[PDB]
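A short write-up of the structure that comes next.
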Amino acid sequence: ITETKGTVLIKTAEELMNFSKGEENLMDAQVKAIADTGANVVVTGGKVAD
Amino acid sequence: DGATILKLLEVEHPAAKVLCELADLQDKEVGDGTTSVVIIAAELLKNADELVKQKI
Amino acid sequence: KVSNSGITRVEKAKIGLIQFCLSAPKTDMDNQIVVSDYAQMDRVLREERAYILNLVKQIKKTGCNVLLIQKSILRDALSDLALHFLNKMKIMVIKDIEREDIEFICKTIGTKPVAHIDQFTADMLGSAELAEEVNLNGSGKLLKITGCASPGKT
Amino acid sequence: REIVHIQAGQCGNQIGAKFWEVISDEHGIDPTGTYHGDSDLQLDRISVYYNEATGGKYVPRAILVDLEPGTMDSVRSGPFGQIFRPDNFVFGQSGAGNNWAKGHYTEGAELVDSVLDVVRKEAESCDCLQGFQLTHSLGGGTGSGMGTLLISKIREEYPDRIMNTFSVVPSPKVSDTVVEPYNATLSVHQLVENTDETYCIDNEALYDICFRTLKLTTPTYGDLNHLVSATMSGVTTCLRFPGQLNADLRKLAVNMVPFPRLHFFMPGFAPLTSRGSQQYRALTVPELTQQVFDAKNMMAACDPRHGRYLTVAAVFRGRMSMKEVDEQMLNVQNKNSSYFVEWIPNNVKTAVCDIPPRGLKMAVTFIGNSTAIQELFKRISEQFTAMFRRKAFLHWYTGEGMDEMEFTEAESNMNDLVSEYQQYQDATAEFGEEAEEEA
Amino acid sequence: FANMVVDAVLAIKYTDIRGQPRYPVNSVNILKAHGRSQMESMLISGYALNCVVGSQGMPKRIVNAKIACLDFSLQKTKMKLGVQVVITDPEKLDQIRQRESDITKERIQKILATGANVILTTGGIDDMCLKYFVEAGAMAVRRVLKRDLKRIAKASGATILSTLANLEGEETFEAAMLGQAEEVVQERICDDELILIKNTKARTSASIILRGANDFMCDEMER
Amino acid sequence: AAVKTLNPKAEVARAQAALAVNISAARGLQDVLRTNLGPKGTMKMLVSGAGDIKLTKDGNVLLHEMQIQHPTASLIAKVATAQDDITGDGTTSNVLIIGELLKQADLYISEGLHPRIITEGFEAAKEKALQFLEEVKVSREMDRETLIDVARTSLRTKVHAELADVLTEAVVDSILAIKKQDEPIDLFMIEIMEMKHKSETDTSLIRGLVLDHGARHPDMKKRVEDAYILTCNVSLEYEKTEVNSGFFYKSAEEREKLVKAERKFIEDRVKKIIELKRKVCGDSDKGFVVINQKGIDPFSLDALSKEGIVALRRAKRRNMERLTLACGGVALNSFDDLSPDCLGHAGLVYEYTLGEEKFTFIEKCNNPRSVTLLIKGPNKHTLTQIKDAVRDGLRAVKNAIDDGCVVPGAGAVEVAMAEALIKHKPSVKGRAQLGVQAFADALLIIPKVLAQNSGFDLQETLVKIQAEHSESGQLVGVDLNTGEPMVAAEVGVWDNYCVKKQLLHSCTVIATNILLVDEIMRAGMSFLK
Amino acid sequence: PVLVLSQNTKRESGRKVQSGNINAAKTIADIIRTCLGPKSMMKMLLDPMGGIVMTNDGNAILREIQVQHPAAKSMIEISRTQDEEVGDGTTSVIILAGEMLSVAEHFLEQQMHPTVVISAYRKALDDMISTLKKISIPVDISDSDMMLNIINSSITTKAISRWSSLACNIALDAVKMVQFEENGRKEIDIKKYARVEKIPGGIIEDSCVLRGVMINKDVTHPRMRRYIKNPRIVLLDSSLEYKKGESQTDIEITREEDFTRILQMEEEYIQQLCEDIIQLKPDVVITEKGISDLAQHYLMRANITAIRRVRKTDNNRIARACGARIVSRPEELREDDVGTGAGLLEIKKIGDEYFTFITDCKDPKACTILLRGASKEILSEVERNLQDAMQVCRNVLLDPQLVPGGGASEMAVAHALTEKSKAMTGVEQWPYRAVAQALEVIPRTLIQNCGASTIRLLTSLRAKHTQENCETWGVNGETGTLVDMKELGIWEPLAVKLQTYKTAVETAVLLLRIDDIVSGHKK
Ligand SMILES: Nc1ncnc2c1ncn2[C@@H]1O[C@H](COP(=O)(O)OP(=O)(O)O)[C@@H](O)[C@H]1O
Ligand SMILES: Nc1ncnc2c1ncn2[C@@H]1O[C@H](COP(=O)(O)OP(=O)(O)O)[C@@H](O)[C@H]1O
Ligand SMILES: [Mg+2]
Ligand SMILES: [Mg+2]
Ligand SMILES: [Mg+2]
């Protein structure tokens, strides 16, 4: 997320419904791209998400 | 200044506080003779008291 | 005492009572004015002065000489701009009349409370022969209204 | 981000010594430096106020400055002194004498050159620092004089880092130094144009809460540090623990400070009353929140009923359910809404932390921006003006190398600052002579 | 002292309704300043203010004063508490910030274009606003007591203003609403300074300065 | 007694009591300070409330570190410091004269003499002494060999013999390297750095700079054989708008775009440096070093590390100037005018690690106008002892250069004034001859103390010295290993001229003021509360 | 439970009170009467903060003393009115007040009402003033060698008397320069434009008065020049830094190009400021507030020199010296507000510290006195002495009159009053004579401090003045022999004598009108 304060703004019905689906799809591709190089173990120095 | 002196003193006897505002009123209404009024008032009481001790 | 600076005696006064507020417009809903262009700043200043000016022109139109406001604690009741205009139009202003003696005031002089500018006409005014504030020797200032044309039983 | 804490003078060192003490016992740190906690929630943000040295040791990010070794030796020899960094102790040899001129011109000038080197060495160990914290009192010469000089030097060095401070406000009923008003007026003049905000605390309400409400007919300063150290923890608490919304100190400025010049707050700490009342008062949400708008939990001599609040912020600590907190907050917001804001509705900022401060069942923290603070600054100016007319004790200041014009200069700003707060009330705008003629 | 007292009283004689005269004492300002003997205390035919000019660069004596009395502060303008500023196009920010300092500039030029030399204000004056008085060569004073301003306005014929608006939209400042005095001088009286206004033309006014050995003795003559 | 009837809690000490207190307390400061004079003086130990240890032999350092609470011990201490920050040497001799000067004046006063009579004696003696000193001074060229003697004579009274041999060469060399023509010597350009390792005989001079911090990224090179130096104080740290601002987006995709965009202000600055590095350092043979006065984000470090650009963050303000004159670059605040003409040069850069702390060396500059002194030792108290001795050495050399003259020391000059002041006293009139006689004995405390601390007899030795200089007109001083008369200039003992001129001025003024004090009184408010 | 009327307020009355106040007044005089005359010794005082005040000044002694008695508080207060008014004579005023109050108790014990004494005291004061003006001497201010003797006669009693010949030159040059006629016909000699700077070390013979000012600052960026010959200088008031507004502002940004553009707009705004300053081509820029790092980069490009954070008290002196005036907004910078009256700008090091010099002005109206010496305590006594001299010189320039010193005037006035009292009939005759006889405590104090016979010397001097033309004879304060004041050359301004007599008489009137004391009423 942005280091500066950042809020999500929605003005229509579609944006409210499509926000949650959009976030999950983006996360799937990022992890799959990592696994595409062949990594077997990931080590991080911070918090992990569910 | 008679009014200034009395205003600066601390008094709690109610019979004396009446005189303190007596001099204060003479200041607002006129502005002079604030010492003459206090003397007269205290002399009227003292002289009337001896009349009351006699059965009047 | 009177808020006005200069006027302390009125002859053949026409007295009117007000229960609304002479200030910037204010809605019960939580409102706010948003500015995004530099020309808007000058518009706000001009539009506020016109709104206050409009109110005073209505009051003077009916021949009112003495004005009585009612106390308010949620919004201002008499702004500096409003008091300046009422001075130029020669209107005696008395502010912060209590809410619990409004009945007694209306009874004595026969006025009628008003709550909207659109209902400030010449039929809601009371008449008095003399309105003046008197200055006691040293105790303080006092106000007197004498010579009511339509007297009550008070 | 990274923050640094700096303490100066008598009052500043004492509070800071307790502050680091009421941080180590939460995060699993011990007076030797190791971490002995089993909860990983404590070590996630452990590095915001700490540095890690090789071997698992942790050290605070603190600078201790005083002009006399007596205070610094007390902390060094006393509890937790072995934890601190050895070189961070900076001390003089002669003191300040509480002459604001001595601490602002003569002695502080030759000490900052050495202190400024230390803060650079601490700032070099952080990838990206975010701001500073200063703890000082407005009565002592070093707190006011050297505190003013330090801030001016800091501003020139560091362009846009935030400047948070925790300053105690003098209570003139407790006058102490015969020349108290000279010290207070000048420092506030400099503080107005060089800090984001200041958190004021008076020893009067510090005296009242323990004595009357709780117990201990003779409360010494040692307890007074604990009460303010409780307030130290909370404004700062969110920073060391995670939350659903990342509340950093910078967004505190924008969201709590509508105007860059009216930026003085007074905090609040509810869950502390009589020891019997600590047990028998049913410490539920609405009675605990009821202490926010009380006349007792305040720690400033400013009546709120004769004032109008600008913005409020509420911090909650403890593991509750989400519903009841909002329910009572909804209730309280409209319960006493009559005495609320003039033009800034819905100010309430709600923050919740799962782990409470260690020791008690329940805890919260409150911050409010009042228009009644002018009642405090007015009284300071009135006493100041009465002394300047007589020029009493003026030679001790003018004779040290400072021009007389400064005393008259600082007075103007105080009247200017008071006029600002007065303008936002519209109620204080409400005669002896007989001139009421024609026009 | 009896000659001083009677002259001051006769200098404030007022003519009132039908035939009643009026002598409003306490409309004469009494000032105390230790120093020379009390026999050198002087009566002033005019008025005296316990204030000093705002800035050093400004002049300190005017030989023909056109006095303007004001009741509002002269500082950089600022939108009211109800009005907020939201910016979505960055190019508009620069013009926004100029208008804060430019509205006040235009008000000053309206005041100074009519010939005002001395400005008196109960409110404060920002340091930037003092510069315009410096270049135009005018004298200005800030933080003036209300009761003092009432007497000077009465004596010099000026009119106290709490705003600039007129019976129309725009703001104007005519020349028929200015005071006039024969001289304004800042003097030195025992290590401090004050302001003297001499020979007001609309009416007469007087003030008394008292001198004594010290402050306790000075306070006694005042009472 | 006229002040007790007003404020009974006041403390006073009237006419003869006031003189008794001042004279008896000024002598107290002399009885302990007289063992510091000369290279044979004894080293004291000082311990504060925390338990620290600070060995010292200096005069000014001793004054402020001894537990004393006295009014007349406060006037003397303030003068000693004022003689320290200006001249840099001569604080112990200051106290000895003031105490001895008050003792002699008290000798005649106790017989019933008014103190003002002796005061006029001091002024007449002071004027004559300043005229005698003006003709004894020796003018020379200030070559390197002469400066060695002056520096050695001041470094020998504050460390053991073998160490003063090492520090003398470093102090003389450092002054010469930074010395341009007639332009005055500007200190703050001789960096004093201390490293707590190794024996204390490894104190050396480095013809460049040393910095107390180094590379922070792991993959940065630890040594560079030919470097370009870039000196700038611009910030490569993430920064936010002065006016309040926040990010409003609509979905996950737009959130990423705003994340990447916000680094563009800083990433532009980093690209400017890299573009310059490719140009001047076309091949992978030279080096490039960036010294910044501000912070650097980890993202900025990673970009720089991929190009082999050594970078340091948050250096001190003074080094923004020293590096300019050492390497030869330009200290710039912005990158909108970057050009190859503004880079410096340095022949070797490497990094040293000392346990917890790290150091970086900038060496082999073409023509350095600034150098650094590196202090090494096995203890904290030893490093401070070396540091103070270095300060006095630089001031003594610099004064010998600013002035064109050097005055022989070893106790020779005061004997010469003593001789000339005796032959002038018959000329003056009145009882002021007693004042002149009092001054003449005051100047003889320096030769006495020197002989006394070496283990000789005061009366027998001083008469031997005055036996000479009266039959042979040469300037003769005291020898510290034989007690025999010794020609000061021929051996190599020297003393600054400004030190002696100011020392005579200061001492006479205080003793003049102290003797005229009527009473000591403390009648004001007890404490500032 | 208890009945009270005034609740813990003390009260005293009767002849005890009148004797109580007089005995308190005399005690203060006994403290200070050893500090009068050229043979005066010093006193050292101790303050709550631990400093030492080694001083001879009459006022300085009293302002460090705490006294409860109401009567004593009056004497302390009139000390500082004299200093603020005429700057000299804070000791002779106290000694007179005690003596004029002490020779009054003789009449009180002979059942004499105080109002009879008071009418006699103020009656003698008018003849005191008229007699003083009669024997006044007119002076020609255009004679420099005469003005040096006036200042020398007022500092021969202080510590700088050794360096007197230097001190008179420093005091005279400064006052001769700060003199300023301005709009209208208001002539002033203000003294906030003569700064006194102390620097420990050197020698007292290194003191000098500069044609300009000195500043304890240094150049912000090292590359900026440190030696300029004829600088063109501008004085600012605002800050060269992009600071926030005050109108409740906030920015909402929804595009990639808005965050970077906003940041770039702050650097363009500063470049707008720096370019406008450069338009006037100056060489030195002085400002009250901070200077951003960017602003220095543009300024050093155009070969400018800048100074940060100068006190408002120093700009006003610089503005008067160089000839510039302070401008707050650079958009209104012109050619009439640029100062070209300097002649040098130099930055030196004085003991590990940087100073800034602006000297060799064409016609400065502000000066900065530089002092060097042993330590802070000695220099503190130097400036207190110098201030008296510069206050003495000013009074001569406003009222060019002189009267003989050394006690000659007091005896001349004493003789005139005594010969006039024998034409007076009534009981007021006696107080009218004792007041005149109370003046002779001035020569008597001078004799005792010298170490002479106060009985023999005073009776011979009183007999001397009885003759027709000997009004200028006084007492030499170093040998103890009656000498004429024409040849010795001692004079003091007429203003000093008038204030000493006026203050002394009026204070005695104040304390003679007392009858009782009430205390401890807690506001
Ligand atoms: N080798 C030497 N032989 C004789 N006298 C010496 C020698 N070295 C130094 N001195 C004398 O020691 C005196 C004191 O110098 P020092 O010990 O540094 O203390 P200070 O300089 O403070 O008096 C000088 O006057 C000098 O003449
Ligand atoms: N050389 C002198 N011989 C005799 N009297 C002197 C001499 N110099 C000064 N005086 C006298 O000293 C008196 C007071 O001077 P001073 O000691 O400064 O006290 P103050 O000025 O506080 O009254 C003057 O009245 C003057 O006549
Ligand atoms: Mg009366
Ligand atoms: Mg030495
Ligand atoms: Mg004198």
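The way I read the labels, and the way they are meant: chains A, B, ... in the order of the structure tokens, residue 1 as the first residue of every chain, and ligand 1 as the first ligand shown, with later ones counted on from there.
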Non-local contacts of residue 222 in chain G (10 Å; only C-alpha atoms; under 4 positions in same chain excluded) as JSON, numbers by chain: {"F": [318, 320, 321, 322, 324, 331], "G": [218, 226, 300]}
Generate the output file for the selected residues, N, CA and C atoms, as a short mmCIF file (atom, residue, chain, number, x, y, z; two decimals), in the first residue's frame.
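Result file selection_17.cif:
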data_model
loop_
_atom_site.label_atom_id
_atom_site.label_comp_id
_atom_site.auth_asym_id
_atom_site.auth_seq_id
_atom_site.Cartn_x
_atom_site.Cartn_y
_atom_site.Cartn_z
N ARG F 318 30.29 20.12 9.27
CA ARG F 318 31.64 20.62 9.05
C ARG F 318 32.33 19.88 7.91
N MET F 320 31.17 18.99 5.29
CA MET F 320 30.75 19.55 4.01
C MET F 320 31.77 20.55 3.49
N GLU F 321 32.65 21.03 4.37
CA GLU F 321 33.67 22.00 3.98
C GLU F 321 35.04 21.34 3.86
N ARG F 322 35.37 20.46 4.80
CA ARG F 322 36.70 19.86 4.82
C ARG F 322 36.95 19.01 3.58
N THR F 324 35.71 19.47 0.69
CA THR F 324 35.86 20.35 -0.46
C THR F 324 37.31 20.77 -0.65
N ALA F 331 30.50 21.42 -3.09
CA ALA F 331 29.35 21.04 -2.28
C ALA F 331 28.11 21.65 -2.90
N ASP G 218 27.44 33.56 11.03
CA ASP G 218 28.38 33.16 10.00
C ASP G 218 27.62 32.72 8.76
N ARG G 226 33.50 35.51 2.08
CA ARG G 226 33.68 36.01 3.43
C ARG G 226 34.33 37.38 3.48
N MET G 300 23.86 31.09 -4.11
CA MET G 300 25.30 30.92 -4.27
C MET G 300 25.68 30.89 -5.75
#
7 Å shell around ligand 3 using only C-alpha atoms and all ligand atoms, listed as a ChimeraX atom specification: /B:1-2,32-35
Written selection (C-alpha atoms) as a short mmCIF file (atom, residue, chain, number, x, y, z; two decimals), in the first residue's frame:
data_model
loop_
_atom_site.label_atom_id
_atom_site.label_comp_id
_atom_site.auth_asym_id
_atom_site.auth_seq_id
_atom_site.Cartn_x
_atom_site.Cartn_y
_atom_site.Cartn_z
CA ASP B 1 -9.22 58.33 51.01
CA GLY B 2 -11.89 56.97 53.33
CA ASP B 32 -16.64 63.26 48.23
CA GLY B 33 -17.19 63.16 51.96
CA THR B 34 -16.80 59.40 52.28
CA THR B 35 -15.15 59.82 55.68
#
Protein and nucleic acid residues within 8 Å of ligand 4 (only C-alpha atoms and all ligand atoms) as a ChimeraX atom specification: /F:58,89-90,153-155,157-158,392-393
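Take CA of residue 137 in chain G and CA of residue 498 in chain G: the distance between them is 14.2 Å.
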Within-9 Å residues of ligand 1, basis only C-alpha atoms and all ligand atoms, as a ChimeraX atom specification: /F:36-41,57-60,88-94,96,152-158,392,408-413,446-447,450,477-480,488,491-495,499
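Interatomic distance, CA of residue 426 in chain D to CA of residue 334 in chain D: 22.7 Å.
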Long-range neighbours of residue 74 in chain G as a PyMOL selection string, 9 Å cut-off, only C-alpha atoms, 4 positions minimum in chain: (chain E and resi 214+216) or (chain G and resi 25+70+78-79+507+511)
Writer output for current selection, N, CA and C atoms, as a PDB file, in the first residue's frame:
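result03.pdb was written with the following content:
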ATOM      1  N   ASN E 214       7.948  58.674  43.129  1.00  0.00           N
ATOM      2  CA  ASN E 214       7.913  57.263  42.765  1.00  0.00           C
ATOM      3  C   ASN E 214       6.473  56.896  42.425  1.00  0.00           C
ATOM      4  N   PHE E 216       4.211  54.944  44.241  1.00  0.00           N
ATOM      5  CA  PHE E 216       3.249  55.057  45.331  1.00  0.00           C
ATOM      6  C   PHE E 216       2.782  56.493  45.481  1.00  0.00           C
TER       7      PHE E 216
ATOM      8  N   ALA G  25      14.758  54.679  57.445  1.00  0.00           N
ATOM      9  CA  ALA G  25      15.340  55.420  56.331  1.00  0.00           C
ATOM     10  C   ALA G  25      16.832  55.638  56.536  1.00  0.00           C
ATOM     11  N   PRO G  70       7.942  48.496  55.156  1.00  0.00           N
ATOM     12  CA  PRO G  70       7.340  49.434  54.191  1.00  0.00           C
ATOM     13  C   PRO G  70       8.144  50.705  53.985  1.00  0.00           C
ATOM     14  N   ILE G  78      12.982  55.048  44.881  1.00  0.00           N
ATOM     15  CA  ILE G  78      13.438  56.328  44.341  1.00  0.00           C
ATOM     16  C   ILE G  78      14.855  56.217  43.805  1.00  0.00           C
ATOM     17  N   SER G  79      15.569  55.151  44.164  1.00  0.00           N
ATOM     18  CA  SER G  79      16.896  54.934  43.605  1.00  0.00           C
ATOM     19  C   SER G  79      16.825  54.690  42.104  1.00  0.00           C
ATOM     20  N   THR G 507      10.558  62.957  48.650  1.00  0.00           N
ATOM     21  CA  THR G 507      10.488  61.716  49.414  1.00  0.00           C
ATOM     22  C   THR G 507      10.332  61.993  50.903  1.00  0.00           C
ATOM     23  N   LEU G 511       7.102  60.484  53.512  1.00  0.00           N
ATOM     24  CA  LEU G 511       7.191  59.714  54.746  1.00  0.00           C
ATOM     25  C   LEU G 511       6.902  60.535  55.994  1.00  0.00           C
TER      26      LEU G 511
END
Hey, what's within 7 Å of range 399-415 of chain G if we count only C-alpha atoms and toss same-chain stuff fewer than 6 positions away? As a compact mmCIF listing (two decimals) with N, CA, C and O atoms, in the first residue's frame, please?
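Result file out_18.txt:
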# COMPACT_ATOMS: atom_id res chain seq x y z
N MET G 128 15.74 76.79 46.44
CA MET G 128 16.86 75.94 46.07
C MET G 128 17.04 75.92 44.56
O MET G 128 18.16 75.98 44.05
N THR G 131 18.21 79.49 43.13
CA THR G 131 19.62 79.76 43.41
C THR G 131 20.52 78.93 42.51
O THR G 131 21.58 79.40 42.07
N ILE G 135 23.68 80.45 39.50
CA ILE G 135 25.11 80.21 39.44
C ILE G 135 25.44 79.22 38.33
O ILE G 135 26.52 78.63 38.30
N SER G 136 24.50 79.03 37.40
CA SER G 136 24.71 78.13 36.28
C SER G 136 25.73 78.72 35.30
O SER G 136 25.87 79.94 35.16
N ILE G 137 26.43 77.83 34.62
CA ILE G 137 27.47 78.23 33.67
C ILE G 137 27.08 77.74 32.28
O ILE G 137 26.80 76.55 32.09
N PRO G 138 27.04 78.61 31.28
CA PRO G 138 26.74 78.17 29.92
C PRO G 138 27.95 77.53 29.25
O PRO G 138 29.09 77.94 29.43
N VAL G 139 27.66 76.49 28.47
CA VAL G 139 28.70 75.71 27.80
C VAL G 139 28.47 75.76 26.30
O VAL G 139 27.35 75.94 25.82
N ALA G 436 18.25 73.60 54.92
CA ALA G 436 19.43 74.11 54.24
C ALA G 436 20.70 73.52 54.83
O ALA G 436 21.62 73.14 54.10
N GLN G 437 20.77 73.43 56.16
CA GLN G 437 21.94 72.86 56.81
C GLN G 437 22.12 71.38 56.49
O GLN G 437 23.22 70.86 56.67
N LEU G 439 22.20 70.07 53.61
CA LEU G 439 22.94 69.87 52.37
C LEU G 439 24.42 69.59 52.63
O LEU G 439 25.08 68.94 51.81
N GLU G 440 24.94 70.07 53.76
CA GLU G 440 26.37 69.96 54.02
C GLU G 440 26.82 68.53 54.29
O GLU G 440 27.98 68.32 54.66
N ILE G 442 27.05 66.41 51.97
CA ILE G 442 27.78 66.03 50.76
C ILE G 442 29.27 66.30 50.94
O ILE G 442 30.07 65.37 50.78
N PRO G 443 29.71 67.52 51.26
CA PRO G 443 31.15 67.71 51.50
C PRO G 443 31.66 66.91 52.68
O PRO G 443 32.81 66.46 52.67
N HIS G 465 32.80 80.69 52.24
CA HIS G 465 31.67 81.05 51.39
C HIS G 465 30.95 82.29 51.90
O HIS G 465 30.16 82.90 51.16
N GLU G 471 31.93 81.60 45.28
CA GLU G 471 30.91 80.57 45.19
C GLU G 471 31.41 79.26 44.59
O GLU G 471 30.73 78.24 44.73
N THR G 472 32.57 79.26 43.94
CA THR G 472 33.06 78.07 43.26
C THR G 472 34.04 77.25 44.09
O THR G 472 34.60 76.28 43.57
N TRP G 473 34.27 77.60 45.35
CA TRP G 473 35.23 76.87 46.15
C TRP G 473 34.64 75.56 46.65
O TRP G 473 33.52 75.51 47.18
N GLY G 474 35.39 74.48 46.49
CA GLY G 474 34.95 73.18 46.92
C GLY G 474 36.06 72.42 47.59
O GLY G 474 37.13 72.96 47.86
N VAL G 475 35.80 71.14 47.86
CA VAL G 475 36.74 70.29 48.57
C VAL G 475 37.36 69.30 47.59
O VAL G 475 36.67 68.57 46.88
N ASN G 476 38.69 69.27 47.58
CA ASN G 476 39.45 68.32 46.78
C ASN G 476 39.28 66.96 47.43
O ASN G 476 39.44 66.82 48.65
N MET G 485 37.25 75.43 42.12
CA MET G 485 36.84 74.46 41.10
C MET G 485 37.12 74.94 39.68
O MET G 485 37.02 74.14 38.75
N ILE G 490 36.25 70.56 37.73
CA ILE G 490 35.19 69.61 38.02
C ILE G 490 33.86 70.27 37.74
O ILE G 490 33.57 71.35 38.28
N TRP G 491 33.05 69.64 36.89
CA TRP G 491 31.74 70.17 36.56
C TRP G 491 30.79 69.01 36.31
O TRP G 491 31.21 67.93 35.89
N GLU G 492 29.51 69.24 36.59
CA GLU G 492 28.47 68.26 36.34
C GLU G 492 27.24 68.98 35.81
O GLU G 492 27.00 70.14 36.15
N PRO G 493 26.45 68.31 34.98
CA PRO G 493 25.34 69.00 34.30
C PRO G 493 24.30 69.50 35.28
O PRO G 493 24.08 68.94 36.36
N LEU G 494 23.64 70.59 34.89
CA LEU G 494 22.62 71.21 35.73
C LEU G 494 21.43 70.28 35.94
O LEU G 494 20.78 70.33 36.98
Residues within 6 Å of range 26-29 of chain G, only C-alpha atoms, excluding chain neighbours under 5 positions, as an MDAnalysis selection string: (chainID F and resid 2) or (chainID G and resid 95 98)
Residue contacts of range 9-24 of chain B (8 Å, only C-alpha atoms) excluding same-chain residues fewer than 4 positions away, as a list in words: residues 2, 3, 5, 28, 34, 35, 37, 38 and 41 of chain B; 4, 5, 6, 7 and 521 of chain G
I need the chosen residues saved as a CSV table (one decimal), in the first residue's frame, with C-alpha atoms.
chain,number,residue,atom,x,y,z
B,2,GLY,CA,-11.9,57.0,53.3
B,3,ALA,CA,-13.6,54.8,50.8
B,5,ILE,CA,-9.2,52.3,53.1
B,28,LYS,CA,-20.8,56.5,43.5
B,34,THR,CA,-16.8,59.4,52.3
B,35,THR,CA,-15.1,59.8,55.7
B,37,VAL,CA,-20.6,59.8,56.5
B,38,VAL,CA,-18.9,56.9,58.3
B,41,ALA,CA,-23.4,56.9,61.2
G,4,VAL,CA,-13.7,38.7,65.7
G,5,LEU,CA,-14.0,42.0,63.9
G,6,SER,CA,-10.9,42.3,61.6
G,7,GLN,CA,-9.7,38.7,61.4
G,521,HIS,CA,-5.0,41.7,55.4
Contact set, chain C to chain D: 10 Å, only C-alpha atoms, as number ranges by chain: C: 1, 3, 5-9, 30-32, 73-77, 79-80, 96, 135-141
Report the closest atom pair, with its distance in Å rounded to one decimal, for each residue of chain G that has an atom no farther than 6 Å from ligand 5; count only C-alpha atoms and all ligand atoms, sort by chain and then rising residue number, and write it as CSV.
residue,atom,partner,partner_atom_place_in_ligand_line,distance
G:88,CA,ligand 5,1 (Mg),5.1
G:89,CA,ligand 5,1 (Mg),5.0
G:154,CA,ligand 5,1 (Mg),5.2
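The chain E residues that come within 12 Å of chain F are residues 85, 86, 87, 88, 90, 93 and 97 of chain E, with only C-alpha atoms taken into account.
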Residues from the last selection, N, CA and C atoms, saved as a short mmCIF file (atom, residue, chain, number, x, y, z; two decimals), in the first residue's frame:
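Done, and the output landed in part.cif:
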data_model
loop_
_atom_site.label_atom_id
_atom_site.label_comp_id
_atom_site.auth_asym_id
_atom_site.auth_seq_id
_atom_site.Cartn_x
_atom_site.Cartn_y
_atom_site.Cartn_z
N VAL E 85 -11.42 24.07 1.90
CA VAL E 85 -10.72 24.18 0.62
C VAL E 85 -10.32 22.78 0.18
N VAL E 86 -10.83 22.36 -0.98
CA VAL E 86 -10.51 21.07 -1.57
C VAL E 86 -9.95 21.31 -2.96
N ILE E 87 -8.78 20.75 -3.25
CA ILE E 87 -8.08 20.97 -4.50
C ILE E 87 -7.97 19.64 -5.24
N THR E 88 -8.49 19.61 -6.47
CA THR E 88 -8.32 18.46 -7.35
C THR E 88 -7.50 18.78 -8.60
N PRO E 90 -4.04 20.68 -9.45
CA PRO E 90 -2.93 21.35 -8.78
C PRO E 90 -2.61 22.73 -9.33
N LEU E 93 -3.58 25.92 -7.29
CA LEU E 93 -3.13 26.16 -5.93
C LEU E 93 -2.43 27.50 -5.79
N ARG E 97 -3.36 30.70 -3.00
CA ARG E 97 -2.57 31.20 -1.88
C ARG E 97 -2.31 32.70 -2.01
#
